[PDB]
Amino acid sequence: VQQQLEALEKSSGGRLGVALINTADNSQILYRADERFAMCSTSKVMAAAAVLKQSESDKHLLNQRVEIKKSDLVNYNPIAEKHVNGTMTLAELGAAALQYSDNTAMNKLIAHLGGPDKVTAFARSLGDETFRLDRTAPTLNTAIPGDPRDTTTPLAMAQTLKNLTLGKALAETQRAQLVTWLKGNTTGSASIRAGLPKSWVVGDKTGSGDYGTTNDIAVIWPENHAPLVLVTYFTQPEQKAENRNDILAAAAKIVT
């Protein structure tokens, strides 16, 4: 399996990070899982969870209305643009930040939290020492090689994604909502999902950016077997490099 990942990487012209956790026995399949990668929009999982964390202690929180102004729209706002001049609730922005990778949505949840640094401290509380968000959308998609900003390891995100969706990171109602947001993702058809059996159920969060950075983190629920948490990050040495969702799909095939 390590061999096939080495070859898929060499031929791909980029750098590939993978970490599959098999929750059956907590056994790991790792490849450059301790190297840093720009997270791009996979970072949005963190923001939405941080808001879900707040709702555990605050029952009016998810319903809070938030105004969407025309001054709020950025470069990619498939859902938030439909609510200009009106409002969206936090629950709705989190759904849209995760299901549609809406950048306007991401930016309203961060702002509600009070800064990218507020999302890092939340990651810290979970016990994620690696995760750092430093910028808002879309500039957290620059993904400059060696740039520490908005990065994390494949492993670190696998351990916290597993905790958030299958472990101690959130009380049940919150952990359930998060998972129902991840499963309903609309953007991941060509990434990790394309590499698995179709009958398997998948929650994921994609993320693409410059340097043909192409990411998908995911919880996979097989039909007869404990779940797996897979993180497939990928990035190239050339800034205008074409994203390669197909490479994440292949790595997924391999490891699983």
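As stated in the entry header, the method of structure determination is neutron diffraction and the reported resolution is 2.10 Å.

Taken as a whole and assessed by the stated rule, the structure comprises 1 aromatic pair. When the centroid spacing of 6.0 Å and the interplanar angle of 40° are considered together, the rings of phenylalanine 37 and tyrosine 233 count as tilted. Pair noted here: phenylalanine 37 is in strand β3 (residues 37-38) and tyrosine 233 is in strand β9 (residues 228-235), with a separation of 196 residues, a long-range link. Each member of the pair, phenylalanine 37 as well as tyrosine 233, is classed as buried. Just above the ring of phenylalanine 37 sits the side chain of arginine 15; from NZ or CZ to the centre is 3.7 Å. The residue whose ring lies beneath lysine 183 is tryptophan 221, and the NZ or CZ to ring-centre distance is 5.4 Å.

With that settled, consider the sheet that holds strand β7 (residues 201-209). With antiparallel pairing, the 5 strands of this open sheet are ordered in space as β2-β1-β9-β8-β7. Across the chains shown, the open sheet's two edge strands, defined by having one partner strand only, are β2 (27-31) and β7. With strand direction ignored, the average angle separating the axes of adjacent strands in the sheet is 5°. The pairing of strand β1 (residues 15-22) with β2 spans 5 bridges and is antiparallel. Residue pairing in the sheet places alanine 19 in a bridge with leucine 30 of β2.

Taken across its 9 residues, β7 has 7 buried, putting it largely inside the fold. In this sheet, strand β8 (residues 213-221) lies alongside β7 in antiparallel orientation, the contact comprising 9 bridges. Each residue of the ladder has a partner; that of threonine 206, found in β8, is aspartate 216. Linking β7 back to β8 in an antiparallel pair, the connection comprises 3 residues, with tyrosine 211 at a positive phi of about 65°.

Here we take up the nonpolar core. Counting 51 residues, the largest nonpolar core has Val45, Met46, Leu93, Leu164 and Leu178 as the members making the most contacts within it. The element contributing the most residues to this core is helix α2 (residues 44-54), with 8 residues. Excluding residues that lie within four positions of it along the chain, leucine 178 makes contacts with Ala49, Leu52, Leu98, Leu164 and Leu170. If you look at the next biggest cluster of nonpolar residues, it comprises 19 residues, including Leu16, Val18, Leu228 and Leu248.

Let us now look at the UniProt feature "binding site: substrate" in the protein. Mapped onto the present numbering, the UniProt feature "binding site: substrate" falls on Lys205, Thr206 and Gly207. Within the fold, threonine 206 resides in strand β7. Among all residues touching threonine 206, those that are not within four sequence positions of it are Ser41, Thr42, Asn185, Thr187, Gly188, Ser191, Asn215 and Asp216. Mapped onto the secondary structure, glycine 207 falls in strand β7. A relative accessible area of 4% means that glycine 207 is categorised as buried. If we ignore the near neighbours within four places in the chain, the residues touching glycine 207 are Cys40, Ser41, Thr42, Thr213, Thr214 and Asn215.

The next point concerns the side chain of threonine 160. Here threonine 160 is to be found in helix α6 (residues 154-166). Looking at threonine 160, the relative accessible area reads 4%, which means it is buried. Among the polar contacts listed, one links the side chain of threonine 160 to the backbone oxygen of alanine 156, at a separation of 3.2 Å. Residues contacting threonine 160, with those up to four places away along its chain left out, are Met46, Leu126 and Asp128.

UniProt tags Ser41 as "active site". Among the structural elements, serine 41 can be located in the loop between β3 and α2. Those residues in contact with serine 41 that lie beyond four places of it in its chain are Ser101, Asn103, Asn141, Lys205, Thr206 and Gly207. Polar contacts involving the side chain of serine 41 include one to the side chain of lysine 44, which spans 2.9 Å.

Before going further, it helps to examine helix α1 (residues 2-12). Those residues of α1 not exposed but buried are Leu5, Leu8, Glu9 and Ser12. For α1, the buried positions fall inside an angular range of 95° around the axis, keeping them on one side. Structural note: α1 exposes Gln3, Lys10 and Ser11 on the side pointing more than 90 degrees away from its buried face. For α1, the elements touching its buried residues are β1, β2, β9 and α8 (245-255).

Rules behind the numbers
Residues numbered from 1 in each chain as written, not as in the entry; some residues may be left out. Heavy atoms only, no water. Residues with missing side-chain atoms left out of burial classes, pairs and counts. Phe/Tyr/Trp six-rings, centres within 6.5 Å; stacked < 30°, edge-to-face > 60°. Helix = DSSP H or I, 4+ residues; strand = E, 2+ residues; numbered from the N terminus. Buried < 20%, exposed > 50% of the residue type's maximum accessible area, 1.4 Å probe, protein only. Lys NZ or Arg CZ within 6 Å of the ring centre and 35° of its normal. Pairing = 2+ DSSP bridges. Axes fitted to C-alpha atoms, helices over the stretch in contact; angles between N-to-C directions. Core = buried A, V, L, I, M, F, W, Y, C linked by side-chain atoms within 4.5 Å. Contact = heavy atoms within 4.5 Å. UniProt positions renumbered as here; feature names shortened; annotations may be inferred. Polar contact = N/O pair within 3.5 Å; in protein donor to acceptor, adjacent residues only side chain to side chain. Arc of directions from axis to C-beta.

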